[PDB]
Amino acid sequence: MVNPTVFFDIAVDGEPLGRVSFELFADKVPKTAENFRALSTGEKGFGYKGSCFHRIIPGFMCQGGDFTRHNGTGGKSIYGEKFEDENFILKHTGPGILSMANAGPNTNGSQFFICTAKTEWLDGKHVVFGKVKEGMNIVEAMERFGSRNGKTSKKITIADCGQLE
């Protein structure tokens, strides 16, 4: 009944930075929320622990979740390699929105992005499924390691992750 909460502990070149936590909107996009929750706990035998944020663009977003190829070309879901766009009820309203990356219609895997600005042009094309709860200061600190082309100047990693409660 209560929407689940998950955390990421972030590191910069192996040195601890801080924790970001997320509300997942299981009430509105249960299938997409469940995928991200299970990849965060690792309970299926694979997931986000140890993976990096491969593309960070200040004034746009931070993208990660590619645990198979580490560069933005891979990842997989708990349902198979890809799954469908569940719905587009929720919109890209501003900083802290959590949304699925994709390669065309019905191509969700494990890659996701955290918005650092309003990205309204993505409405109806990328499935919104959560938001940052605590630690937006940590997301802003991560964003300072990005660049115009998205290459990071230090390695930004999910050192640990899981579910809170």
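Each residue number is its position in the shown sequence, starting from 1.
Enquirer: Is the mean CA B factor in the deposited entry higher across 131-139 or across 106-114?
Expert: Stretch with the greater average CA B-factor: 131-139.
Enquirer: Considering every modelled residue of the chain and its Cα B-factor in the PDB entry, is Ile57 in the lowest, middle or highest third?
Expert: It belongs to the lowest third of the chain when residues are ordered by C-alpha B-factor.
Enquirer: Select lowest, middle or highest to describe the third in which the CA B-factor of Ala38 falls within its chain in this entry.
Expert: Its C-alpha B-factor belongs to the middle third of this chain's values.
Enquirer: Lowest, middle or highest third: where is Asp123 by Cα B-factor in its chain?
Expert: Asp123: CA B-factor falls in the lowest third of its chain.
Enquirer: What third of the chain, by the recorded C-alpha B-factor, contains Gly96?
Expert: It falls in the middle third of the chain.
Enquirer: Looking at the C-alpha B-factor of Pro30, is it in the lowest, middle or highest third of its chain?
Expert: Middle third by C-alpha B-factor.
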